Structure formats: C-alpha cells, structure tokens
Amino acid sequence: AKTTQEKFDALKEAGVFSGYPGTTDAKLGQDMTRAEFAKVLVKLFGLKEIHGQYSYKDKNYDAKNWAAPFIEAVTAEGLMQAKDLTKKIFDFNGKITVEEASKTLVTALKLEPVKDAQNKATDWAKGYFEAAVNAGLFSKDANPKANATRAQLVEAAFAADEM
C-alpha cells in the first residue's frame, strides 16, 4: 500500500533518486528519459560514474551535461547504447518503453527472460517483459509498447532495490 510518492521518498533517502534541482516535484506522471534511466541504473546496481569521457556526438553531451557520467557507466556495461550506432547519437532526452526498460532491468538483476512467453510485447521483448512482470517490476496491465513513466520506474526501482 505504499504510494508511488512514498516509494520515491524512500529511494531518495537511499540515494537512488534525487528529484529535480530546486523543486520537490518528483514529476511522477511524466515519461522518464534515457538520461534519467541511466542515472537510476547506476545507483541501483552500484556502478561507478565515469567522468572525463564522451562516447557520443549529441549536441550538449559534454562536461556540463549532468547525465554524461551515468550514461558512460551504463554504456561501458552494455546496458544501454546509442540510438544511432553509426552516428554515435545516444538521444539522452529520448523516452524509453516499458519493454525496453524491462530488458535492461531483467539483465541487470540477472533474471532470465521467460522462454515461450505470451504477452503484448514486441516479439524480441516478450521474455523480458514477462520476467519483469513476474518479478514485480511492472504491472501485468502495463502496456509494454508505451513510454515508461517516472512513476513506473520508481515502482521498478523500489522492487529491484528490495531484491
């Protein structure tokens, strides 16, 4: 019965979340960005931020971009990668679908995708979305093809942290 905001507040006490500068609004109903998901992965899984390195050519991907040390850490692990692998564009403000987040979290948690799963996800992601639902990361009624909200990543992170 813990509310999503209560889960956010617990995770903020734990250092996994921090919210936005200068405001207490967690913006739980907005879509999470790729940069924000990289940060949460680093904190959840005990990865080390990598400073001073820039693998991507996106505009404003530089030392003034708060998310670069997190993005570099998850990139070096193979947990995330460029949206355009040839042009080296990460798309840091881009969105992330439920099924994409499922793949990444299941991998990071060392969970195994379910073979021969039947669900609404894209074919390549069905096993991962099923594993994520079975592990309590996302609701069985989540739309795997929709962009994941910050709320959903709070719920997922809270569940992953408890594991």
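One-based numbering along the sequence shown.
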item: Stretch with the higher entry mean CA B-factor, where the candidates are 48-56 and 34-42; value: 48-56
item: Stretch exceeding the other in mean C-alpha B-factor - 92-100, 131-139; value: 131-139
item: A14 by Cα B-factor - lowest, middle or highest third of the modelled chain; value: highest
item: Record-listed C-alpha B factor of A1: chain third; value: highest
item: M163 - which third its CA temperature factor falls in, relative to the rest of the chain; value: highest
item: Chain thirds of CA B-factor: placement of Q152; value: lowest
